[PDB]
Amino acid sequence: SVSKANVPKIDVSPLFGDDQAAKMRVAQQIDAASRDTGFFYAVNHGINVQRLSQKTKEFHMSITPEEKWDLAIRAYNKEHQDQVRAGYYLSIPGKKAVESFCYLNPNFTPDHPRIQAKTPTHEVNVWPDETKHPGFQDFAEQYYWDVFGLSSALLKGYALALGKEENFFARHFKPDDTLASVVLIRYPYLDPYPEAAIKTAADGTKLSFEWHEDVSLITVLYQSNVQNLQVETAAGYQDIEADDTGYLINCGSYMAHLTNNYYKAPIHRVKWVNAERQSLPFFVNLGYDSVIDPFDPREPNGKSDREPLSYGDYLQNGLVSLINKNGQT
C-alpha cells in the first residue's frame, strides 16, 4: 500500500487579527507541520476560491491557438525574447498535456525602475484581448493582491514559529517589488492520453511531473478536487489528500537555506490522473535585493555559518535548474 500523508487543517484567521496569544497557537501548528511532512492546509482564509476556479476554466477553455501564439513565452515563440516568465505555456497535442498562464507583480510597468533598468526576472505582464476575455485581467490582478494578503499573514505565522518578531519575513514582501508569481494551470482530460506526457518513476508510479523542491520562500496553492500530489518521506512517497476549499502550504528552498534546513523544502511530485483539473499556485518570492541572514533554531546561540543569499540571484538560478531537471513546462 501507498500510505497517506498527515496534512493538518490550520485555521489561520487569527494571523489577520491582534490577539497575540491566538497567533502563537497558530505558529505552533505551522511549526509542527513544517517539522513533519512539510504540508498543511490553511483554512478559514477569507478568499473566495469558488470565484477563482470558475474564471480559470473559462479562460483555458475559450482561448484560441491564435491568441496562445500572441501571448506565448520565448520557449514557444522566438519573437518574444523579453517573455521568459510571463505569458502562455502551450500544450503539444499528442506529446504534452499540460498548459498554463503565468503572471507577475502588476506594479511591473514600463516606468517601474526595475523594468527601465532591465533587471533579470522582471517583466511587464502580457494579457489577452479584453473583448474576447471580458473581466479576465481585472480578476487576475485582484486575485494576485488577495493571495498576496493571505501570504503576508502566513509569513507572520512562520516568523513567530521560528521565534522571530512577526515581520521578520513579511518586511521583505512588498507590493512594489515582490517577484512573486501566479500560475494558472490546466490539466486536461484526454482520450487516448498521450504516452509522452506520462513519466514512470523509479518506484513504478505514473507521473505528470517529477520530484522537486519548490523555488520559493513558501508556496500557496489552490487546486480543484482531484487527488494528485505526493510528498516524499523516509518510508517513501505518501498521498496528499485534495481539499478544494483550502490552500495547500509548503516551504521552498529559500526557507531551507535560511533556517539551516530546520524547515525543509519537502520533496514532492505530481501523479498522473486522467481528469480535467486546475492547479493555481502562488510562489511567494521576495524582492530582487532582499537578503535574510541565515540562522539555526537548533543551536542555543542561533548561529549559522551559511552565507546570506540575495533573493533575485537565488530565483534566477532556481528557475533555470527546474527546467533543466524537470523540463520546459
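Don't overthink the numbering: it's just position in the shown sequence, from 1.
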property: Of 211 to 219 and 122 to 130, the stretch whose C-alpha atoms average the higher B-factor in the entry; result: 122 to 130
property: 292 to 300 versus 34 to 42 - which carries the larger mean C-alpha B factor in the record; result: 292 to 300
property: From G246, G236, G87, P110, residue of greatest CA B-factor; result: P110
property: Top residue by Cα temperature factor, when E99, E165, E195, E241 are compared in the entry; result: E195
property: Relative C-alpha B-factor of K206, binned into the chain's lowest, middle or highest third; result: middle
property: Third of the chain's Cα B-factor distribution that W272 belongs to, per the entry; result: middle
property: Third of the chain's Cα B-factor distribution that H60 belongs to, per the entry; result: highest
property: Within-chain third of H172 by Cα B-factor, per the entry; result: middle
property: Chain-wide C-alpha B factor ranking for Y187, given as lowest, middle or highest third; result: middle
